[PDB]
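In the C-alpha cells that follow, the same protein chain appears in two forms, which are kept apart as structure 1 and structure 2.
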Structure 1
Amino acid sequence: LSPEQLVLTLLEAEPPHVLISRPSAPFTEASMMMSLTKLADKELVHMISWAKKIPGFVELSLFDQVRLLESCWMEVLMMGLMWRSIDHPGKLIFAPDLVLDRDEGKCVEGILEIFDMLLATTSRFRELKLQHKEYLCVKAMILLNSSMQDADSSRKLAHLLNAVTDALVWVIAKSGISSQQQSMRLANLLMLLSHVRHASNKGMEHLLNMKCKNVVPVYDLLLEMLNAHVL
C-alpha cells in the first residue's frame, strides 16, 4: 500500500463532525465543563471507530488496541481541536457550537493554563501552515506511538507506525519544497507532538480533579477512558 493510498485510508477513517446540540448562549463554569465532558464522550465513540479503520489496527492484539487508545485519547482529541482551530486565531474550536476564548477559560480555575497551551500550540501549527494530509498522519502517529502472539502484535505495531511515518514524509515531499526544508518541516511538526502530549497530561490532571469532585457528569466511556489512565 503506497503512502498516498495509506493517507487516503486515513482521510476515509476521519470521524464525523460533532456538535453538542447547545443553543448559543454565554458560558459559565457549569455549562462549560459540562459541554466539554459531553463533547469528549461523543468524540471518544467516533475515535474508537476511527482507529479501527486504520489498516492493521484491528490485527493488533486486543491488549494493544486498548492500551494504545487508553493512552492517547486526550492527545488525539486535542490534535483535532488544533486542526479545527487553525483558521481562527485566538479561538479554540472544540465544536461548531462550542467555541471558546481565553477569557472564557478564566471562569474555570486551572483551565486558563490549559487553554493557553492549546492556543500556543495551535498558533504554532498555524504559522507552519499545517496541511490537512499532514494532520491526518500526525494524528495517526499519535495513536501508534503513544503507549509503551505476544511478540507478533509488537512487530505489527512497529510496521504500522513506520508506514504512517513513511506517509508523512511522502506528504511533505509532495509540497515540492527544498529537501533541506522538507527535513526542517518534518522535525518541526514532530517536535510539536511533545507540546500536545504536555497539554494532554495537564488536561487529564484537571479533568481527574473535576471528576473526584463530582462537579461534572462523567459519562461511561469518558469515565473509563479516564480511570484507565489513573490506573
Structure 2
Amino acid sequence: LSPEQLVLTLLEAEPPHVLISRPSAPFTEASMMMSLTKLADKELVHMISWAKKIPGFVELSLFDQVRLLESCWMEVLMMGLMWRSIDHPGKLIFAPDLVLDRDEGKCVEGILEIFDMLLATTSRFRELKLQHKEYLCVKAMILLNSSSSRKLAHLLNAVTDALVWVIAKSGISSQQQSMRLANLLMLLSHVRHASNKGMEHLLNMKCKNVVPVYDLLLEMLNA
C-alpha cells in the first residue's frame, strides 16, 4: 500500500460526525459534564469501528488492539475536537450544535484549564495550517503511538511514511519538511497533556458525583 493509498484508506475509515441531541436548558457544571460524556460515549462506539478500518490493526493481537484504544481514546477525541475547531478561533466545536467558548469553561471547575490547553494547541495547528491529510495521519499515529510488536512497528512506520509523504506533496524545502514534521510531532506532547488533564478531570467529576457511572465511556476510563 503506497502512502497515497494508505491516506485514502484513513479518509474512508473516518468516523461519522456525532450530533449531540438535547431538549434545550442552560449551562451548569452538571449539564455541561452530561453533554460532554454523552458526546464522548457515542464517539467511542465509532472510534472502535474506525480503528478496525485501519489496514493491519485487526492483524495485531487482541491484547495490542485493546491496549492502543484504551490508552489513546481521550487523545483521539481531543484531536478530532481540535480539528473541528481549527477554522473557529476562540471556540471549541464539540458538535455542529454544541459550540463552547473559552469563558463558558468557567462553568465546570477544572474544565477551564483543559479548554485553554486545547484552544492553544488548536491555534498552533491553525498557525501551521494543518491539512486534512496531515490530520488523518496524526490522529492514526496518536492511536498507534500510545505504547505482535513487529506488526505494530510496521503499521506505525507506514502511517509515519504517509505523513512524510503528505508533507512532501506541499512542495516545500527539505529543511522545512523536517521542521514541519518536527513541529507536528512536538504538538503530540500537548495532545497527551490535555488528555492526561481531561482524564484526571473525568475521574474527579465521577468522584464528586457530578456525572453518573457510564457504559462504554466508564470501561475506557477504568481499564
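If you superpose the two forms and keep the largest set of C-alpha atoms that fall within 1.5 Å, you have the rigid core. Just so we're on the same page, residue numbers count up from 1 along structure 1's sequence.
Participant: Upon rigid core superposition, which of the listed residues (18, 218, 10, 207) is displaced by 2 angstroms or more at its Cα between structure 1 and structure 2?
Facilitator: The only residue crossing the 2 Å threshold is 218.
Participant: Residue 60: how far does its C-alpha move between structure 1 and structure 2, core aligned, in angstrom?
Facilitator: Residue shift at the C-alpha: 0.5 Å.
Participant: Let me know the CA shift of residue 29 between structure 1 and structure 2 in Å, rounded to one decimal, core fitted.
Facilitator: Residue 29 C-alpha displacement between structure 1 and structure 2, core-aligned: 1.7 Å.
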